[PDB]
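Just one chain is shown here, as structure tokens, and it is the form solved without indole-3-glycerol phosphate (IGP).
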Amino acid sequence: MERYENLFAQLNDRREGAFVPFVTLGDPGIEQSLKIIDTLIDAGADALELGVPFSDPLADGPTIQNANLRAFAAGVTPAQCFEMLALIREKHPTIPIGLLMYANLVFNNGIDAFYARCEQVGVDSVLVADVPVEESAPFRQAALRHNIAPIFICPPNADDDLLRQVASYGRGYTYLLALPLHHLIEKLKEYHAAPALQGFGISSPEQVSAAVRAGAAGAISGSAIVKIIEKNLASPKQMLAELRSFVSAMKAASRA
């Protein structure tokens, strides 16, 4: 839970908005992934959002869907993901790590035992892509008991009763995705939601300064990072060197 609250404090006191990369754990290989995350980080990544490989991503688009297939073919399992998360945490004590998840993988070993091993390897938050706020409670109590922030997606079609519920139940940050862009940020700060982080279409620095200026506490670049990895399939120096320069460009665009 906590490391987020430390990140947003620090960024606030130095006029900065957070920039967060998403990437899939195990893509295109275990070895590869750990080098890719150490490059995202040193390039400027303020927090990480990782994906765990799951079968059908009812909440994800084609790029992430075959990104999961690339990690499956690598012979990545659940077990190798927790092993990866623990060493990422070993070389990096301060950075928040959150996880995109699907409810079958949480439930499969008991909801509590999953939040137990998350807390025990250092994961700060978990977003479970297909458990709506009204099917939240087993997952939400279990995260709180092992002091892991439950992240929720606040969607474009967000009615007001939702906005109250999300603000009351998430922690870490609110994932942002009718309603004027600015109007949502306003209502969430009214309702006392955790830091709203814009995730819809963040791929060029102009949008990061746009999100920061709008009152969003920063931005999550989903597909972009994955695509640079796809383009650079087997282009390894260009794979990382493009990634480095992209993250630092994105990051530069948030310190005002």
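Throughout, we count residues from 1 along the sequence that is shown.
Not pictured, yet referred to below: the form solved in complex with indole-3-glycerol phosphate (IGP).
I need the one stretch from 198-206, 26-34, 183-191, 39-47 whose residues put non-hydrogen atoms within 4.5 angstroms of indole-3-glycerol phosphate (IGP) in the deposited bound form. In short, 198-206.
Quick one: in the deposited bound form, does every one of 4, 95 and 143 get a heavy atom within 4.5 Å of indole-3-glycerol phosphate (IGP)? The answer is no; none of 4, 95 and 143 reaches indole-3-glycerol phosphate (IGP).
Residue 220 near indole-3-glycerol phosphate (IGP) in the deposited bound form, any heavy atom under 4.5 Å? Residue 220 belongs to the contact set for indole-3-glycerol phosphate (IGP).
Taking any heavy atom pair closer than or equal to 4.5 Å as contact, tell me whether residue 118 reaches indole-3-glycerol phosphate (IGP) in the deposited bound form. It does not: once indole-3-glycerol phosphate (IGP) is placed as it appears in the deposited bound form, residue 118 has no heavy atom within 4.5 Å of it.
Using 4.5 Å between non-hydrogen atoms, is residue 71 touching indole-3-glycerol phosphate (IGP) in the deposited bound form? Residue 71: no contact with indole-3-glycerol phosphate (IGP) in the deposited bound form.
Is residue 175 near indole-3-glycerol phosphate (IGP)? Define near as a heavy atom within 4.5 Å, in the deposited bound form. It does: once indole-3-glycerol phosphate (IGP) is placed as it appears in the deposited bound form, residue 175 has a heavy atom within 4.5 Å of it.
Out of 105, 167, 153, 85, which one falls within 4.5 Å of indole-3-glycerol phosphate (IGP) in the deposited bound form, going by heavy atoms? Comparing distances to indole-3-glycerol phosphate (IGP) in the deposited bound form, the residue within 4.5 Å is 153.
Interface residues of 6-24 toward indole-3-glycerol phosphate (IGP), as seen in the deposited bound form [heavy atoms, 4.5 Å]: Stretch hits: a single one, 22.
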